[PDB]
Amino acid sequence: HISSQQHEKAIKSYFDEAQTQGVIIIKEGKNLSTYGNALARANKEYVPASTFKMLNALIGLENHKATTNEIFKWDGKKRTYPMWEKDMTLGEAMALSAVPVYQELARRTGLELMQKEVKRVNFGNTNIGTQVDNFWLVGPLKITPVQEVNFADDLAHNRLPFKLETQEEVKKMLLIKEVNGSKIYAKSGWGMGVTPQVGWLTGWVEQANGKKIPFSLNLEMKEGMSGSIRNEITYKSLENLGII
């Protein structure tokens, strides 16, 4: 009974109230629906930032650069965040979004193999340049929100060019929330090394019946903004549309 006009107004209001500019793209089957307060962001390129952890993990696991139980030791050097000053698996580093572990994984893969794999999966603009440890954080690698929701759709359905086991292993690392009978799998991103700063939340909802609904939220992260606003806008948008 709720009008399209009302759903669009409600979702736009979530971005407006957060005093930011953003989009949330939802995919139902092959149909992409764009919502939010800055719809033109849908086909614009931004650094993937920490959302690249999903592809970094797939590449690393497929090419035997790590195992899912392997403990990446903390080197003992000071980190930006105290929770990163510990030993962790790829899964733990995914949940904590610990950059040093994923920079170690990128270094193990190496520039030549990383570029070949990024080109093979056809991720975003597919350019990683000459620095294997920061290309997803400060460029040249860029991707659009439409490309991110299509990547999430491919991963959710095991359509990426990796072993089924590799995709299942990475998907297990991405469970962030359980609402009723729905499971939310996603990875956030915050491009802190670029101006303006981009904020992402890309993933999918696995409904009780087995249906997978991919999504990609993309917005501008502003001064003193909490990371949780990406999760709050996403959950409110998915709940408004009856996805959760």
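Each residue number is its position in the shown sequence, starting from 1.
As recorded in the PDB entry, 80-88 is the stretch of 100-108 and 80-88 with the greater mean C-alpha temperature factor.
Taking only CA atoms, the mean B-factor in the PDB entry is higher for 158-166 than for the other of 158-166 and 142-150. The entry lists C-alpha B-factors for 196, 36, 189, 214, and the highest of these is at 196. The residue among 60, 48, 203, 210 whose C-alpha atom has the highest B-factor in the PDB entry is 210. The entry lists a Cα temperature factor for residue 183 that places it in the highest third of the chain's modelled residues. Annotation for residue 236: CA B-factor lies in the middle third of the chain's modelled residues.
Looking at the C-alpha B-factors along this chain, the one for residue 27 belongs to the middle third. Residue 11: CA B factor lies in the lowest third for its chain, per the PDB record.
In this PDB entry, residue 66 carries a Cα temperature factor that places it within the middle third of its chain's modelled residues.
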